[PDB]
Amino acid sequence: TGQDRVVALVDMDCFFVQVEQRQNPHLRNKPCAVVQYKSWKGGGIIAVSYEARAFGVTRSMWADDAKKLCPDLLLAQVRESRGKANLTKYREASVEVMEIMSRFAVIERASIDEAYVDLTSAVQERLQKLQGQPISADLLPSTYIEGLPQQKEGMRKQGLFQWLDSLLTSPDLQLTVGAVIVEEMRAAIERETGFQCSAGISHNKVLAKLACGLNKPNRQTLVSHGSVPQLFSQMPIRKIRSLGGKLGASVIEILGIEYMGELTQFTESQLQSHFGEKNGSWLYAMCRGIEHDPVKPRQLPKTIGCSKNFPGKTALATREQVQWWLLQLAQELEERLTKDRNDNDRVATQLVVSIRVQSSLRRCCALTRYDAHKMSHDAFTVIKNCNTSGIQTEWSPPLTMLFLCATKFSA
DNA sequence: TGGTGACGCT
DNA sequence: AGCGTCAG
Ligand SMILES: Nc1ccn([C@H]2C[C@H](O)[C@@H](COP(=O)(O)OP(=O)(O)OP(=O)(O)O)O2)c(=O)n1
Ligand SMILES: [Ca+2]
Ligand SMILES: [Ca+2]
């Protein structure tokens, strides 16, 4: 009944902002946001601290409008390195966090600021030793128990007490051990980086990711098999990982529902007929809290790319500047690629050029030398047929986006 | 009116 | 190989 594994999702709280605040102490505990390119409307916001989220500041929001919402909003700038954003600060901080996380159990790099962790073996290893010694509530100073109890911190402690009181090879005891380990993990992350995070502990990846978002920030939530019916009864379908797009929308359309629990009243063959073999099976299992997607041992990315958008009147309409932006992208890609070669002992072998006209086109070619000029020229070569232009020195129709991606990595 | 990444389907 | 989807 999907209680074999113990899986945690650790995601950092307002991560880019925590990075900038670790760099600039004037920004700590203040309503502030991280911005991209001041010129257009003060810059698009990409990261909002919680003190600023209280005012209503959101991602994908021009900084100038956010200042209308919150006048006291402080802004920290993303580094700009070749006429384009440079995110190496946050990638290095991410690696900082991922290594600490790797010190406890096998992790799956899920994004720049979160990882899944498979804690089965560590829970067993701690359960064999420590003997029958109980679980002090002092071992979980930030854990919530979803559905308990049946002063926000008073609520928290009452639920934790109800859980610990009502407690061999029991899945709930496993979850408790893993939650203690995650408390440890997170205290280590905070002591060694200054960064704060939330976490979800459960039996699979999706339940862990939902639990991590139940109690943000700087808190962790345990979700047991038993909390699942109650939790899913009012859980909007779109909050589940991969049900936030078109598939999750049509599930609601066809089945005429609203929450996860209502998927239980359907047979597995029904949902397979509705959404496919692999999707019907997965939904039938998911609505009952069961998922088998494993925690893959992969801390390192599989692709390395740079894109630049050229919206509106700024799209590229000369070959003289398509050349130049391809060269800029190849430059940053090459710096990152040499760092990857010397840090991770592996080489990219295939280059992917992606372009858009007013990712409408993607081609691939050979990646043989970590050379910016070679790669820019080969990417150009690979895209020329697209230039409908009859005039030799213009480019029509203009390009809205350029994308360069090194992939197919060999040791 | 941004800049990335994993994965599925054919 | 190229496109479509999903999300941090
Ligand atoms: N559309 C997005 C989503 C994320 N990010 C970057 C900046 C974020 O700091 C980081 C991770 O984003 P999350 O969605 O995980 O959320 P935050 O880390 O900002 O905070 P929280 O998880 O507390 O909401 O990735 C981004 O630039 N654009
Ligand atoms: Ca986060
Ligand atoms: Ca996240």
# chains A, B, ... in the order shown; residues from 1 in each chain; ligands from 1
>>> select_by_dssp(residues="stretch 121-243 of chain A", states="strand (DSSP E)", output="JSON, numbers by chain")
{"A": [143, 144, 145, 197, 198, 199, 200, 201, 202, 220, 221, 222]}
>>> interface_residues(of="chain C", to="chain A", cutoff="7 Å", atoms="only C-alpha atoms (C1' of nucleotides)", output="list in words")
residues 2, 6 and 8 of chain C
>>> interface_residues(of="chain A", to="chain B", cutoff="10 Å", atoms="only C-alpha atoms (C1' of nucleotides)", output="mmCIF file with N, CA, C and O atoms, in the first residue's frame")
data_model
loop_
_atom_site.group_PDB
_atom_site.id
_atom_site.type_symbol
_atom_site.label_atom_id
_atom_site.label_comp_id
_atom_site.auth_asym_id
_atom_site.auth_seq_id
_atom_site.Cartn_x
_atom_site.Cartn_y
_atom_site.Cartn_z
ATOM 1 N N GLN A 36 15.629 41.075 -12.580
ATOM 2 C CA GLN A 36 16.317 40.762 -13.831
ATOM 3 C C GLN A 36 16.092 41.913 -14.810
ATOM 4 O O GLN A 36 14.975 42.089 -15.309
ATOM 5 N N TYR A 37 17.146 42.710 -15.052
ATOM 6 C CA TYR A 37 17.202 43.784 -16.053
ATOM 7 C C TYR A 37 16.384 45.030 -15.692
ATOM 8 O O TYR A 37 15.206 45.105 -16.048
ATOM 9 N N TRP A 40 13.556 47.595 -18.536
ATOM 10 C CA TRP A 40 12.134 47.431 -18.837
ATOM 11 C C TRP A 40 11.351 47.379 -17.529
ATOM 12 O O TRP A 40 11.334 46.355 -16.841
ATOM 13 N N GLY A 43 12.551 45.995 -14.145
ATOM 14 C CA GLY A 43 13.025 44.625 -14.151
ATOM 15 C C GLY A 43 11.957 43.645 -13.694
ATOM 16 O O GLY A 43 11.148 43.934 -12.801
ATOM 17 N N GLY A 44 11.960 42.462 -14.307
ATOM 18 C CA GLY A 44 11.051 41.404 -13.900
ATOM 19 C C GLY A 44 11.542 40.727 -12.635
ATOM 20 O O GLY A 44 12.693 40.279 -12.558
ATOM 21 N N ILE A 45 10.672 40.656 -11.639
ATOM 22 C CA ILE A 45 10.985 39.997 -10.378
ATOM 23 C C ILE A 45 10.942 38.488 -10.580
ATOM 24 O O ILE A 45 10.092 37.967 -11.314
ATOM 25 N N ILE A 46 11.877 37.778 -9.946
ATOM 26 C CA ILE A 46 11.974 36.331 -10.101
ATOM 27 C C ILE A 46 12.020 35.649 -8.738
ATOM 28 O O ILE A 46 11.886 34.424 -8.644
ATOM 29 N N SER A 60 7.268 37.041 -11.677
ATOM 30 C CA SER A 60 6.708 37.463 -12.957
ATOM 31 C C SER A 60 5.893 38.739 -12.763
ATOM 32 O O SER A 60 4.677 38.788 -12.958
ATOM 33 N N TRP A 62 6.777 43.145 -12.876
ATOM 34 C CA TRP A 62 7.747 44.216 -13.046
ATOM 35 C C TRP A 62 8.010 44.905 -11.712
ATOM 36 O O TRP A 62 7.088 45.159 -10.933
ATOM 37 N N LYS A 84 23.489 39.512 -20.913
ATOM 38 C CA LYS A 84 22.450 38.577 -20.521
ATOM 39 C C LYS A 84 22.660 38.191 -19.065
ATOM 40 O O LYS A 84 23.742 38.375 -18.502
ATOM 41 N N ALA A 85 21.602 37.657 -18.461
ATOM 42 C CA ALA A 85 21.651 37.272 -17.059
ATOM 43 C C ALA A 85 22.669 36.162 -16.837
ATOM 44 O O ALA A 85 22.888 35.301 -17.696
ATOM 45 N N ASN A 86 23.290 36.188 -15.659
ATOM 46 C CA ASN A 86 24.285 35.196 -15.278
ATOM 47 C C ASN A 86 23.910 34.672 -13.899
ATOM 48 O O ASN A 86 23.837 35.443 -12.935
ATOM 49 N N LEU A 87 23.658 33.367 -13.811
ATOM 50 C CA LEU A 87 23.096 32.759 -12.611
ATOM 51 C C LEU A 87 24.111 31.910 -11.852
ATOM 52 O O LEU A 87 23.720 31.054 -11.053
ATOM 53 N N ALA A 110 16.372 17.839 -8.219
ATOM 54 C CA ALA A 110 15.081 18.075 -8.848
ATOM 55 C C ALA A 110 14.999 19.452 -9.486
ATOM 56 O O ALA A 110 14.368 19.614 -10.534
ATOM 57 N N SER A 111 15.612 20.450 -8.861
ATOM 58 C CA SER A 111 15.713 21.783 -9.430
ATOM 59 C C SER A 111 16.987 22.412 -8.889
ATOM 60 O O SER A 111 17.857 21.721 -8.350
ATOM 61 N N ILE A 112 17.103 23.731 -9.029
ATOM 62 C CA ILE A 112 18.300 24.384 -8.519
ATOM 63 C C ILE A 112 18.276 24.450 -6.998
ATOM 64 O O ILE A 112 19.334 24.501 -6.360
ATOM 65 N N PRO A 301 23.309 17.943 -13.373
ATOM 66 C CA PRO A 301 22.439 18.134 -14.539
ATOM 67 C C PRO A 301 22.869 17.286 -15.730
ATOM 68 O O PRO A 301 24.011 16.832 -15.833
ATOM 69 N N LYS A 302 21.918 17.077 -16.644
ATOM 70 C CA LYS A 302 22.159 16.336 -17.876
ATOM 71 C C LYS A 302 22.367 17.233 -19.087
ATOM 72 O O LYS A 302 22.871 16.758 -20.111
ATOM 73 N N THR A 303 21.970 18.502 -19.002
ATOM 74 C CA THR A 303 22.170 19.465 -20.072
ATOM 75 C C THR A 303 22.671 20.767 -19.463
ATOM 76 O O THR A 303 22.493 21.024 -18.270
ATOM 77 N N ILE A 304 23.310 21.587 -20.294
ATOM 78 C CA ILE A 304 23.809 22.894 -19.876
ATOM 79 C C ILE A 304 23.503 23.878 -20.994
ATOM 80 O O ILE A 304 24.014 23.727 -22.106
ATOM 81 N N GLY A 305 22.674 24.880 -20.713
ATOM 82 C CA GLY A 305 22.194 25.753 -21.762
ATOM 83 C C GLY A 305 22.192 27.212 -21.354
ATOM 84 O O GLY A 305 22.254 27.559 -20.175
ATOM 85 N N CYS A 306 22.139 28.061 -22.379
ATOM 86 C CA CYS A 306 21.872 29.487 -22.245
ATOM 87 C C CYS A 306 20.859 29.894 -23.300
ATOM 88 O O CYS A 306 20.970 29.500 -24.466
ATOM 89 N N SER A 307 19.881 30.693 -22.894
ATOM 90 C CA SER A 307 18.949 31.294 -23.830
ATOM 91 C C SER A 307 18.940 32.801 -23.640
ATOM 92 O O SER A 307 19.323 33.323 -22.589
ATOM 93 N N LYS A 308 18.510 33.492 -24.687
ATOM 94 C CA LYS A 308 18.214 34.913 -24.598
ATOM 95 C C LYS A 308 16.966 35.202 -25.413
ATOM 96 O O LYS A 308 16.853 34.775 -26.570
ATOM 97 N N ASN A 309 16.028 35.906 -24.785
ATOM 98 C CA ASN A 309 14.797 36.344 -25.420
ATOM 99 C C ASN A 309 15.017 37.696 -26.077
ATOM 100 O O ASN A 309 15.714 38.558 -25.534
ATOM 101 N N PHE A 310 14.411 37.879 -27.245
ATOM 102 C CA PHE A 310 14.464 39.141 -27.978
ATOM 103 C C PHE A 310 13.040 39.563 -28.308
ATOM 104 O O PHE A 310 12.609 39.509 -29.466
ATOM 105 N N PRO A 311 12.281 39.993 -27.303
ATOM 106 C CA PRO A 311 10.853 40.246 -27.513
ATOM 107 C C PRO A 311 10.601 41.542 -28.269
ATOM 108 O O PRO A 311 11.444 42.441 -28.325
ATOM 109 N N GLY A 312 9.413 41.611 -28.868
ATOM 110 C CA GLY A 312 8.917 42.849 -29.452
ATOM 111 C C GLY A 312 9.780 43.371 -30.581
ATOM 112 O O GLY A 312 10.207 42.630 -31.473
ATOM 113 N N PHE A 403 18.763 29.848 -28.284
ATOM 114 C CA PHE A 403 18.977 28.843 -27.244
ATOM 115 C C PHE A 403 20.100 27.903 -27.655
ATOM 116 O O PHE A 403 20.061 27.328 -28.747
#
>>> residues_near_ligand(ligand="ligand 2", cutoff="12 Å", atoms="only C-alpha atoms (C1' of nucleotides) and all ligand atoms", output="PyMOL selection string")
(chain A and resi 9-19+46-50+94+110-115+195-199+209+212-213+216-218) or (chain C and resi 7-8)
>>> select_by_dssp(residues="stretch 186-261 of chain A", states="alpha helix (DSSP H)", output="ChimeraX atom specification")
/A:186-193,205-214,228-233,246-255
>>> write_last_selection(atoms="N, CA, C and O atoms", output="short mmCIF file (atom, residue, chain, number, x, y, z; two decimals), in the first residue's frame")
data_model
loop_
_atom_site.label_atom_id
_atom_site.label_comp_id
_atom_site.auth_asym_id
_atom_site.auth_seq_id
_atom_site.Cartn_x
_atom_site.Cartn_y
_atom_site.Cartn_z
N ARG A 186 18.50 19.62 7.81
CA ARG A 186 18.19 21.02 7.61
C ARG A 186 18.97 21.90 8.58
O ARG A 186 19.43 22.99 8.21
N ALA A 187 19.13 21.45 9.82
CA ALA A 187 19.98 22.19 10.75
C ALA A 187 21.42 22.25 10.24
O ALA A 187 22.09 23.27 10.41
N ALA A 188 21.89 21.18 9.59
CA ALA A 188 23.23 21.18 9.01
C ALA A 188 23.32 22.17 7.86
O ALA A 188 24.28 22.94 7.76
N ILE A 189 22.32 22.15 6.97
CA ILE A 189 22.27 23.11 5.86
C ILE A 189 22.33 24.54 6.39
O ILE A 189 23.07 25.38 5.87
N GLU A 190 21.56 24.82 7.45
CA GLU A 190 21.49 26.19 7.97
C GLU A 190 22.78 26.58 8.69
O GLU A 190 23.24 27.71 8.56
N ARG A 191 23.38 25.65 9.44
CA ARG A 191 24.61 25.97 10.16
C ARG A 191 25.78 26.15 9.21
O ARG A 191 26.69 26.95 9.49
N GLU A 192 25.78 25.45 8.08
CA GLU A 192 26.92 25.46 7.17
C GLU A 192 26.75 26.38 5.97
O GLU A 192 27.73 26.63 5.26
N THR A 193 25.54 26.88 5.70
CA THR A 193 25.33 27.84 4.63
C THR A 193 24.58 29.09 5.06
O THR A 193 24.61 30.08 4.32
N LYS A 205 7.54 10.57 -3.90
CA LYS A 205 8.02 11.90 -4.28
C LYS A 205 6.90 12.94 -4.23
O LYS A 205 7.10 14.05 -3.73
N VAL A 206 5.72 12.60 -4.75
CA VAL A 206 4.66 13.60 -4.86
C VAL A 206 4.13 13.99 -3.49
O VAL A 206 3.92 15.18 -3.20
N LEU A 207 3.88 13.01 -2.62
CA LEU A 207 3.43 13.33 -1.27
C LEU A 207 4.45 14.18 -0.54
O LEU A 207 4.10 15.12 0.18
N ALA A 208 5.74 13.86 -0.71
CA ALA A 208 6.79 14.67 -0.09
C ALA A 208 6.77 16.10 -0.61
O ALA A 208 6.93 17.05 0.17
N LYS A 209 6.59 16.28 -1.92
CA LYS A 209 6.60 17.63 -2.49
C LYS A 209 5.39 18.43 -2.01
O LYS A 209 5.50 19.65 -1.79
N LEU A 210 4.25 17.78 -1.82
CA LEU A 210 3.08 18.47 -1.29
C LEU A 210 3.28 18.84 0.18
O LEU A 210 2.98 19.97 0.59
N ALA A 211 3.80 17.90 0.97
CA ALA A 211 4.04 18.15 2.38
C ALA A 211 5.03 19.29 2.58
O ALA A 211 4.89 20.08 3.51
N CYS A 212 6.05 19.38 1.71
CA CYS A 212 7.03 20.45 1.84
C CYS A 212 6.37 21.82 1.73
O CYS A 212 6.77 22.77 2.42
N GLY A 213 5.35 21.94 0.88
CA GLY A 213 4.61 23.17 0.74
C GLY A 213 3.49 23.37 1.73
O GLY A 213 2.92 24.46 1.79
N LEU A 214 3.13 22.34 2.50
CA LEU A 214 2.09 22.53 3.51
C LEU A 214 2.46 23.61 4.53
O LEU A 214 1.63 24.46 4.87
N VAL A 228 -3.75 10.78 4.16
CA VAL A 228 -3.97 10.99 2.73
C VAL A 228 -5.45 11.21 2.37
O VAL A 228 -5.73 12.16 1.63
N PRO A 229 -6.39 10.37 2.83
CA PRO A 229 -7.80 10.63 2.43
C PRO A 229 -8.29 12.00 2.84
O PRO A 229 -8.87 12.73 2.02
N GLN A 230 -8.07 12.38 4.10
CA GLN A 230 -8.46 13.70 4.58
C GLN A 230 -7.78 14.80 3.77
O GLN A 230 -8.44 15.73 3.28
N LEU A 231 -6.46 14.71 3.63
CA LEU A 231 -5.70 15.74 2.92
C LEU A 231 -6.21 15.92 1.50
O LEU A 231 -6.47 17.05 1.05
N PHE A 232 -6.38 14.81 0.77
CA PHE A 232 -6.80 14.86 -0.62
C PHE A 232 -8.28 15.21 -0.78
O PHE A 232 -8.69 15.57 -1.89
N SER A 233 -9.08 15.08 0.28
CA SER A 233 -10.51 15.34 0.15
C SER A 233 -10.80 16.77 -0.32
O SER A 233 -11.71 16.99 -1.12
N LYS A 246 -2.05 20.87 -18.69
CA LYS A 246 -3.20 20.53 -19.52
C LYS A 246 -3.81 19.19 -19.12
O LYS A 246 -5.04 19.03 -19.15
N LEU A 247 -2.98 18.22 -18.74
CA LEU A 247 -3.49 16.93 -18.28
C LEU A 247 -4.37 17.09 -17.05
O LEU A 247 -5.48 16.54 -16.98
N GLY A 248 -3.89 17.85 -16.06
CA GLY A 248 -4.69 18.08 -14.87
C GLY A 248 -5.95 18.87 -15.16
O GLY A 248 -6.97 18.68 -14.50
N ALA A 249 -5.90 19.75 -16.16
CA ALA A 249 -7.08 20.52 -16.53
C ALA A 249 -8.14 19.63 -17.17
O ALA A 249 -9.32 19.69 -16.81
N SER A 250 -7.74 18.78 -18.12
CA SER A 250 -8.71 17.90 -18.75
C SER A 250 -9.21 16.81 -17.81
O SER A 250 -10.34 16.34 -17.99
N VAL A 251 -8.42 16.40 -16.81
CA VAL A 251 -8.95 15.46 -15.81
C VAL A 251 -10.20 16.07 -15.18
O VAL A 251 -11.25 15.43 -15.07
N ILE A 252 -10.10 17.35 -14.78
CA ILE A 252 -11.23 18.07 -14.21
C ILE A 252 -12.36 18.22 -15.23
O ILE A 252 -13.54 18.09 -14.88
N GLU A 253 -12.01 18.53 -16.48
CA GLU A 253 -13.02 18.67 -17.53
C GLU A 253 -13.83 17.38 -17.70
O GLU A 253 -15.05 17.36 -17.47
N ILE A 254 -13.18 16.31 -18.16
CA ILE A 254 -13.89 15.05 -18.43
C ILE A 254 -14.56 14.49 -17.17
O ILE A 254 -15.77 14.26 -17.15
N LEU A 255 -13.80 14.27 -16.09
CA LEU A 255 -14.40 13.58 -14.93
C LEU A 255 -15.37 14.46 -14.15
O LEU A 255 -16.17 13.93 -13.36
#
>>> atom_distance(atom1="atom CA of residue A:138", atom2="atom CA of residue A:179")
12.3 Å
